[PDB]
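Listed next as structure tokens is one chain, alone, in the form deposited in one PDB entry.
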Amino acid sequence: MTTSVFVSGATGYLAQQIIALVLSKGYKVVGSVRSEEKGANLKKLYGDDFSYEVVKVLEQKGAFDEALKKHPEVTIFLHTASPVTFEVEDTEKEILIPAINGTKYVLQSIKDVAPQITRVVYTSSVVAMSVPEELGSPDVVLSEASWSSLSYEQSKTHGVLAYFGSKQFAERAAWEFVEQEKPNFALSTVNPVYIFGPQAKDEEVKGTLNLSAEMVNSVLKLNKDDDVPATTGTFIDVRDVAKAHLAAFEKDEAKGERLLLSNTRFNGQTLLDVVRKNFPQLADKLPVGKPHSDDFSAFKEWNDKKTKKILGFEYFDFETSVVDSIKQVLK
């Protein structure tokens, strides 16, 4: 009485949608944020059931020790935070190692300081399951068993491969920790694809008119002469990813599982067609392309049947997710 959930990286896009849902379920949340001011801001948004602790360097050894000691009422840990960066100076030092080590140290801290925690959900990614070329191939079927074959070496060589590799090796480290250190908690992971959808709080749409569904605000900043963005892949709505995190710690079936969070396929045309129909006023400063020339019928469906069975709910569709994102930005 009652149940308190720890959410790392509480200011995050997906993190706040998680927090919103979890609070709606009557849970309490203890969020980690990078500064007192970030904490105060969430507290104003979320109310009495929300509290926070300040953890500046999440990848540092023993980083979460103090915040965990101060909260023995915490029995669930949602590890959603991932390293904030830009400067591709040394990918190893600044991306690979922090992600790996950070995952180790956070789990190590839960064992050392929070033995009452019974469930840990690690937010991973589909990039842990595959390589960029395979993500766009119609012959590829990913499942909960899929692991990226990207090597450590090649994962150093570029910003994108670095982000791919960091998520792969971090998630491998998490499972390895469960195998080796045998903690009191059951681990599960959520592995989302391209995330679309509105933010949890209107007050957080800032800077004004910018979309956290990043692929969306990329097309919104188009000129009526630009090409159609050739980006493509599968999408999932942030509220669905949020609902998967809840299931990931509430349901017994989710223990020791990886949950592939992936809905339908899209490209730039798919996005344009939706934006243009639902927001006509924006169409004169947008390109037309070739409406509905997007044809994904040859792509084999990914195997997420296990995940869908565990979750037991139906997903938001592409248009609804996109329309909700934009509708909120326009308020």
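By rigid core we mean the largest C-alpha set that fits within 1.5 Å across both forms. Residue numbers run from 1 along the displayed sequence.
What comes next is about the form deposited with a small molecule bound, which does not appear here.
The small molecule in the deposited bound form is not approached by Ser130, whose heavy atoms all lie more than 4.5 angstroms from it. Residue contact with the small molecule in the deposited bound form: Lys243 places no heavy atom within 4.5 Å of it.
When contacts are judged by a 4.5 Å heavy atom cut-off, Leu14 counts as touching the small molecule in the deposited bound form.
The shortest heavy atom separation between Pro83 and the small molecule in the deposited bound form is within 4.5 Å. Proximity to the small molecule in the deposited bound form, taken as a non-hydrogen atom within 4.5 angstroms, holds for one residue of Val193, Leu187, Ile110, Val216, which is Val193. Shown without its partner, this chain lists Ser125, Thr103, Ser148, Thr91 as candidates; in the deposited bound form, only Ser125 has a non-hydrogen atom within 4.5 angstroms of the small molecule.
Of the stretches 246 to 254, 153 to 161, 140 to 148, 75 to 83, only 75 to 83 has residues with a heavy atom within 4.5 Å of the small molecule in the deposited bound form. Residue showing a CA shift of 2 Å or more between this form and the one not shown (rigid core superposed; candidates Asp139, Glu133, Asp252, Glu87): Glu87.
Once the rigid core is used as the reference frame, the Cα position of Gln116 differs between this form and the one not shown by less than 2 Å. Put the two forms on the same core and the Cα of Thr234 is off by less than 2 Å between this form and the one not shown. Taking 2 Å as the criterion, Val160 does not count as shifted between this form and the one not shown: its C-alpha moves by less than this amount when the rigid core is aligned.
The pair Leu211 and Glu319 is looser in the deposited bound form: their Cα-Cα distance rises by no less than 3 Å compared with this form.
Here's the thing about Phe235 and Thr85: their CA atoms end up at least 3 Å closer in the deposited bound form than they are in this form.
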